[PDB]
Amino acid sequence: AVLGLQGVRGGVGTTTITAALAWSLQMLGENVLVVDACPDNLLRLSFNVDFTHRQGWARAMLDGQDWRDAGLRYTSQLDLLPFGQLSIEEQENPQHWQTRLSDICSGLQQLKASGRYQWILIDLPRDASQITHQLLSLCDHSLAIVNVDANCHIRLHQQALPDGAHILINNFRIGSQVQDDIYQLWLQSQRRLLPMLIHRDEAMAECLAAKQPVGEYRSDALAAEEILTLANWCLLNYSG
């Protein structure tokens, strides 16, 4: 199925989890396609893509080229489609290009209908652009990424989550009383909370500096095993 991963807030671990989950699903014998819908184009760097490599689906569309030629094969069962590098001019003027990318909405359904991939993972930003809402509409399921802090606790009450989304906890620390309090309150009040979480883990901080998914970088790391649990949970619950 098509799985969207969107952070309730910036910098909660969405991109690292998306790459790690794609690697976990590929390791489980599934054909995976992972696409970067965030204009910062950071997902590619978790798969040893050269920083100077500017190609991507949104870059090819802004240049009139074929976005289907922007894909990259990581393993025999894991392909990725980067966003592409935007210039500083395009960065500071998103009015021009955020409406010229609706082709990917129709094109993803082609990949959805071909059956070549058992999983299509989408790294989604939390902006409210029309292309973000369209890609989220293509998703069959969603994961809202949070950390256990007061910021995310507020957001869970004042902003909207994707319909039917499940809440995934990341960066769970040891020895934080305020975290323990917020967590217990969530266990008793947050209905959509997943039955597994991801701890703070030096492997999760190091894998991006090694430009690899955490499962490839350190398969015996605790966060790698927790994300592998999430992968199996997706097989059991998100297959439809």
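Residue positions are given as counts along the sequence shown, with the first one as 1.
Mean CA temperature factor is higher for 125 to 133 when stretches 125 to 133 and 164 to 172 are set side by side in the entry. If you average the C-alpha B-factors over 24 to 32 and over 61 to 69, the higher value belongs to 61 to 69. Annotation for 158, 142, 151, 99: 99 ranks highest, by Cα B-factor.
Sorting the modelled residues of the chain by their CA temperature factor places residue 177 in the lowest third. Looking at the C-alpha B-factors along this chain, the one for residue 77 belongs to the middle third. Per the PDB record, residue ranking by Cα B-factor puts residue 199 in the lowest third of the chain. The entry lists a Cα temperature factor for residue 3 that places it in the middle third of the chain's modelled residues. Among the modelled residues of its chain, residue 86 has a C-alpha B-factor that falls in the highest third, as given in the PDB entry.
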